[PDB]
**Student:** 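Below is one structure. I have some questions about it.
The analysis underlying the following values was restricted to heavy atoms, covering all of them including side chains, and did not include hydrogens, waters or symmetry mates. Lettering of chains follows the sequences in order, A, B, ..., and the numbering in each one begins at 1.
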Amino acid sequence: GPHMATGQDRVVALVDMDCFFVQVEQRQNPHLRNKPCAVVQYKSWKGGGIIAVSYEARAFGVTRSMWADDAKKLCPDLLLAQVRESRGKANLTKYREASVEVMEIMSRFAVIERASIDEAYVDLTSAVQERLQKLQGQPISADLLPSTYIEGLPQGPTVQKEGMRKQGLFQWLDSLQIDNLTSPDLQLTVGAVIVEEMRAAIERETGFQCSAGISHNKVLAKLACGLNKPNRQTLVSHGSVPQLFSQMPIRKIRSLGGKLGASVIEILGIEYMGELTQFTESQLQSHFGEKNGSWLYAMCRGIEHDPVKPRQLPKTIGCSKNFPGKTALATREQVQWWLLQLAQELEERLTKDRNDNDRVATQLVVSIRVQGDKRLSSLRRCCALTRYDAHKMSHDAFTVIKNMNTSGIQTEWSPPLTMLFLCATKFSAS
DNA sequence: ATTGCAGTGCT
DNA sequence: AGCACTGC
Ligand SMILES: Nc1ncnc2c1ncn2[C@H]1C[C@H](O)[C@@H](COP(=O)(O)NP(=O)(O)OP(=O)(O)O)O1
Ligand SMILES: [Mg+2]
Ligand SMILES: [Mg+2]
């Protein structure tokens with residue numbers, strides 16, 4: 001009762017840009033705005049691989065990983081923007097720089113954890129306390145939450161989307177105890193007000209729209225964000241969790257989308273996150289390990305402690321290229337020419353990173369794939385990264401993998417290489 | 001013949 | 001350290 005932790009100590013948000021690479025290309029080329037369009041990399045094989053899709057195009061069934069030729073079958077008027085190609089490979093610089101634009105805006109409001117190229121977690125606990133003391137027990141107007149959904153509402157004793165949103169918001173705000181500055185529901189609500197302001201700043205200053213989730217931890221904030229994408233934000237309160245989880249497939253919770261989540265379903269014979277509450281912590285630890293079992297016991301009750309890490313920059317800088325089918329690299333000159341292409345992009349990005357961020361990478365990770373291996377990687381070796389020089393990095397990379405050339409004669413490479421990967425890591429201040 | 005990125009945890 | 005797993 002009084003000693004049962006409820007996991008309501010923090011206010012955490014997750015901001016996730018809407019169809020991000022599409023918005024970057026639509027900002028640049030107004031002809032693509034408000035159209036079914038997609039972003040594709042390469043073009044020769046089946047029209048290119050789609051990596052991002054506008055919401056107008058999703059209505060036709062176009063999805064990521066689809067070949068553009070196939071997407072055109074569902075959406076003949078689909079417009080396409082191509083990822084830049086430099087040195088014979090896709091180059092994501094435009095999207096990395098657009099990401100920096102958004103992350104720098106978010107950092108004005110609170111410390112952020114860069115979770116991917118287009119999403120960040122925000123710890124708003126402190127910002128909420130300061131806004132709460134400034135309000136002075138002032139009620140929160142619905143006009144301050146013009147794009148916010150309250151998950152689970154309306155409920156109890158209009159057939160249009162926006163009417164429902166407002167009805168749920170009104171029920172939430174009517175029930176709110178604005179007199180108590182330690183009320184978790186009030187704290188989430190102020191958090192949502194701040195996230196409205198953050199999202200308005202992102203859109204004003206970049207043109208980009210995004211969705212957000214506001215809750216008490218990262219997993220619930222991420223889950224909340226997806227509930228009303230695009231261009232909306234969703235508040236998931238602690239009280240909303242039992243009903244939300246009662247029909248929520250386990251795989252929807254971050255970190256349970258793969259083999260572990262599949263094993264939870266199979267071993268326990270359950271389907272939904274809420275069903276996990278019927279197991280003891282020791283039972284879950286016995287099946288999934290001490291760490292996973294404790295995490296699951298708390299998470300199915302809406303409780304998680306993983307902190308928002310103060311990290312705005314990526315901690316690795318990597319470049320990779322696949323050589324599928326008949327393009328697999330089969331000669332030494334080939335392997336050496338492509339390692340140089342990769343090393344030259346990496347040098348360009350590393351030099352820019354050092355100037356911008358006052359740090360230097362110290363380790364070079366070299367990874368390859370050989371034809372036949374189903375694994376993403378077939379070998380990974382690390383060597384020292386002492387100079388930002390493409391020719392040196394490419395020469396060193398060749399040195400650590402040259403022993404894998406099984407061909408008796410040097411000039412040939414066997415079995416052929418279907419992937420080259422270079423990654424700079426182990427940053428130190430400079 | 002998805003591709004090209006990333007971070008965390010195990011051992 | 002090298003690898004499996006999981007997420008954009
Ligand atoms: N498997 C992949 N391979 C290459 N690029 C990818 C990728 N998955 C995503 N990207 C790139 C392209 C994506 O635009 C960007 C962000 O990833 P998301 O947030 O999963 N997808 P989006 O933001 O487009 O749509 P919304 O959030 O509205 O659902 O990362
Ligand atoms: Mg995302
Ligand atoms: Mg996104």
Side-chain angles (χ1 to χ4, degrees), chain A residues 14-21 38-42 44-53 63-71 82-96 99 113-121 218-219 222-223 225-226 251-263 288-292 295 306-307 309 311 313-325 327-328 341-342 345-346 349 363-369 371 373 375 377 379-384 400 416 418-427:
Chain A
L14 183 275
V15 178
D16 186 335
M17 307 305 294
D18 298 331
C19 54
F20 183 50
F21 290 15
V39 176
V40 73
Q41 40 189 21
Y42 303 118
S44 297
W45 186 268
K46 305 174 92 72
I50 290 177
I51 57 171
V53 186
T63 61
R64 171 182 61 218
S65 90
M66 199 166 274
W67 300 115
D69 287 348
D70 297 334
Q82 291 188 258
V83 178
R84 170 180 175 177
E85 284 183 46
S86 308
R87 302 184 228 264
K89 63 180 297 297
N91 189 298
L92 306 178
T93 293
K94 188 195 299 184
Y95 316 106
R96 291 194 184 96
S99 173
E113 178 185 338
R114 179 194 197 271
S116 77
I117 194 165
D118 85 328
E119 60 207 290
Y121 292 95
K218 293 162 69 173
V219 165
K222 171 67 175 181
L223 190 66
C225 183
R251 67 176 178 275
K252 303 299 183 181
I253 280 53
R254 192 187 179 277
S255 85
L256 300 182
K259 295 180 174 185
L260 173 60
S263 68
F288 312 113
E290 184 184 325
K291 190 166 162 294
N292 284 331
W295 185 85
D306 184 23
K309 297 184 176 194
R311 181 180 61 247
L313 306 173
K315 52 169 58 173
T316 57
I317 296 181
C319 306
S320 76
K321 180 157 181 58
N322 294 349
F323 301 94
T327 70
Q341 303 319 289
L342 285 179
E345 174 185 331
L346 186 59
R349 289 165 57 192
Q363 188 170 82
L364 179 71
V365 179
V366 187
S367 179
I368 63 175
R369 198 178 182 197
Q371 202 149 228
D373 192 337
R375 298 174 297 167
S377 163
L379 164 148
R380 205 204 75 153
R381 298 289 191 266
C382 70
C383 71
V400 314
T418 54
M419 180 272 286
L420 299 176
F421 178 37
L422 300 176
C423 192
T425 186
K426 292 206 187 318
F427 284 94

**Student:** Quickly work out the A/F21 CZ to B/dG4 P distance and round it to whole Å.
**Tutor:** 13 Å
**Student:** For A/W67 and A/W45, take the angle between the two ring planes, folded into 0 to 90°, and tell me which bin it lands in: parallel under 30, tilted 30 to 60, perpendicular over 60.
**Tutor:** perpendicular
**Student:** Can a side chain N or O of A/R96 be found less than 4.0 Å away from OP1 or OP2 on B/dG4?
**Tutor:**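 Checking B/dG4 against A/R96, no side-chain N or O comes under 4.0 Å of OP1 or OP2.
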**Student:** Tell me, please, which residues at least two apart from A/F427 pass ring pair (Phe, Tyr, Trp, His ring centres under 6.0 Å).
**Tutor:** none
**Student:** Report the nucleotide, chosen from B/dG4, C/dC8, B/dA6, that has the shortest atom-to-atom distance to any side-chain atom of A/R254.
**Tutor:** C/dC8
**Student:** Can you measure A/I51 atom CD1 to B/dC5 atom P for me and round it to whole angstrom units?
**Tutor:**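 These atoms are roughly 10 Å apart.
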**Student:** How long is the gap from CZ on A/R311 to CD on A/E113, to the nearest 0.5 Å?
**Tutor:**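 So the gap between those two atoms works out to 5.0 Å.
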**Student:** For DNA chain B, whose closest nucleotide is more 5', that of A/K321 or that of A/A115?
**Tutor:**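 Nearer the 5' end of the strand: A/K321.
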**Student:** Does B/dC5 have its OP1 or OP2 closer than 4.0 Å to a side-chain nitrogen or oxygen of A/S116?
**Tutor:** no
**Student:** For the side chain of A/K259, counting heavy atoms from C-beta on, which of B/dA1, C/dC8, C/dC5 is nearest?
**Tutor:** C/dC5
**Student:** Which nucleotide in the set B/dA1, B/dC5, C/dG2 lies at the smallest distance from any side-chain heavy atom of A/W45?
**Tutor:** B/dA1
**Student:** Which listed nucleotide (C/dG2, B/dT2, B/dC5) is nearest to the side chain of A/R381?
**Tutor:**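 That would be C/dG2.
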**Student:** Using whole Å, report how far NZ of A/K222 lies from P of C/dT6.
**Tutor:** 16 Å
**Student:** Under 6.0 Å from the CZ atom of A/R84, do we count more than 12 heavy atoms belonging to anything else shown?
**Tutor:** no
**Student:** Roughly how many Å is it from CE in A/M66 to P in B/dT3, rounded to a whole number?
**Tutor:**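 So the two atoms are 16 Å apart, to the nearest Å.
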**Student:** State whether A/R375 places a side-chain N or O below 4.0 Å from either non-bridging phosphate oxygen (OP1 or OP2) of C/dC3.
**Tutor:** no
**Student:** With rounding to the nearest 0.5 angstrom, report the CZ to OG distance, A/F288 to A/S263.
**Tutor:**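 The distance works out to 5.0 Å.
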**Student:** Separation of A/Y42 atom OH from B/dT3 atom P, in whole Å?
**Tutor:** 9 Å
**Student:** At a cut-off of 3.5 Å, list every protein nitrogen or oxygen paired with a nitrogen or oxygen from nucleotides 9-11 of chain B, distance to 0.1 Å.
**Tutor:**
residue: B/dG9; atom: OP1; partner: A/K291; partner atom: NZ; Å: 3.4

**Student:** Once you round to the nearest 0.5 Å, how far does CD1 of A/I368 lie from OG1 of A/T418?
**Tutor:** 9.0 Å
**Student:** Give the rounded distance in Å between these two atoms: CZ of A/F421 and P of B/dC5.
**Tutor:** 8 Å
**Student:** Find the distance A/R251:CZ to C/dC5:P and express it as a whole number of Å.
**Tutor:**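 These atoms are roughly 20 Å apart.
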**Student:** Any side-chain N or O of A/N322 less than 4.0 Å from the OP1 or OP2 oxygen of B/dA1?
**Tutor:**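 No, outside the criterion.
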**Student:** In Å and rounded to the nearest 0.5 Å, what is the CZ to CZ distance from A/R380 to A/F421?
**Tutor:** 9.0 Å
**Student:** I need the CD-P distance between A/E119 and B/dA6, as an integer number of Å.
**Tutor:**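 The answer, rounded to whole Å, is 14 Å.
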**Student:** When the P atoms of C/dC8 and B/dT2 are considered, how many whole Å apart are they?
**Tutor:** 22 Å
**Student:** What residues form a side-chain contact (heavy atoms from CB on, under 4.5 Å) with A/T316, not counting sequence neighbours?
**Tutor:**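 Partners of A/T316 by the side-chain contact (heavy atoms from CB on, under 4.5 Å) criterion, ordered by chain and then number, come out as A/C423, A/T425.
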**Student:** Identify which nucleotide among B/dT2, C/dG2, B/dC5 has an atom closest to any side-chain atom of A/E345, counting heavy atoms from C-beta outward.
**Tutor:**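 Among B/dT2, C/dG2, B/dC5, the one nearest the side chain of A/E345 is B/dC5.
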